[PDB]
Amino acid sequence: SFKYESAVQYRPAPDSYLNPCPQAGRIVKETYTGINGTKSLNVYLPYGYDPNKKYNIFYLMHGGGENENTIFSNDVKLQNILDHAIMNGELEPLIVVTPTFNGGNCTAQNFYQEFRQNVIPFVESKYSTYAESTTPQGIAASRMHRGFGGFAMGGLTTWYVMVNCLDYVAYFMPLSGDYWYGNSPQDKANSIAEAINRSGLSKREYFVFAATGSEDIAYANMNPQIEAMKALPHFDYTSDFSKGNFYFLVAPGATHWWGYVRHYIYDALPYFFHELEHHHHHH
């Protein structure tokens, strides 16, 4: 059913999507040991999950003061939105992982290292993504079907993941957080451009769908960064990812709160993972 729009507008999921869906994906609490010690995450598997099929995977980071359980807690209930959207055909089934930047030496800034070395191999060796194996080569070869996003400090995590993990991840969803690398917006954009240059990727091989609220403090620093990025040849601004690769959704009146941010995921996540996808779809 999904069709790309060129300037998608903010629309909250219906209130009914916040209540439990009978077609509920399974949420599995996992514990693993990596460079930052023994840590946990949650894995959302779509309803009907079949390990002999291959699923898109989206990693989603919490904000400051939160943890790996926040996004699927009663304070957010993202799984209800996912369940309803997948059941209604709005969102193709995918795996959603909620890790944490807490623990050991880990920070929102440096999480990408643990992500690369420990999180991807742990999750993707257990569950069925497009990664045929979880060697660096197997992960890189499946990058078009892997995404990363996050809220606030988790948005910062997302930007650091982008600049350090373009080889492994093609889709990025920074929510209400800017990239802290640089003394000006131009420095931030230039850093991203340099990462893209180093990666060798074409503009059809990475995608950024940023979002925030018009009354969300993150707008103050996101907006200048987005404008600087728009000026780069590396980005073609439009939400139609069949045509371009960069969009910034600003929700009128929304404030810095998961109550709103969950809806940004509802609006944006359906836009991910169709470019170079393996099914024959018309979007």
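So that there is no doubt, residue numbering starts at 1 and follows the sequence shown.
Undergrad: Hey, which bit's got the bigger mean C-alpha B factor in the entry, 68-76 or 164-172?
TA: Taking the mean C-alpha B-factor of 68-76 and of 164-172, the larger value falls to 68-76.
Undergrad: For the C-alpha atoms alone, is the average B factor greater in 31-39 or in 210-218, going by the entry?
TA: Mean CA B-factor is higher for 31-39.
Undergrad: Which of these has the highest Cα B-factor in the record: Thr158, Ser128, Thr134, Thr107?
TA: That would be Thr134, according to the entry.
Undergrad: Which has the highest CA B-factor per the PDB entry: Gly149, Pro99, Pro185, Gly177?
TA: So the option with the highest C-alpha B-factor is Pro185.
Undergrad: Where does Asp83 sit by CA temperature factor within its chain: lowest, middle or highest third?
TA: Its C-alpha B-factor belongs to the lowest third of this chain's values.
Undergrad: Would you mind checking where the Cα B-factor of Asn52 ranks among the modelled residues of its chain, as the lowest, middle or highest third?
TA: According to the entry, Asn52 has a C-alpha B-factor in the chain's highest third.
Undergrad: Looking at the temperature factor on the CA atom of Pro14, which third of the chain's modelled residues does it land in?
TA: Within its chain, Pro14 is a highest-third residue by C-alpha B-factor, going by the deposited values.
Undergrad: What third of the chain, by the recorded C-alpha B-factor, contains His256?
TA: For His256, whose C-alpha B-factor we compare with every modelled residue in the chain, the answer is the middle third.
Undergrad: Comparing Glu92 with the other modelled residues of its chain, is its CA B-factor in the lowest, middle or highest third?
TA: Tercile = lowest for this residue's CA B-factor.
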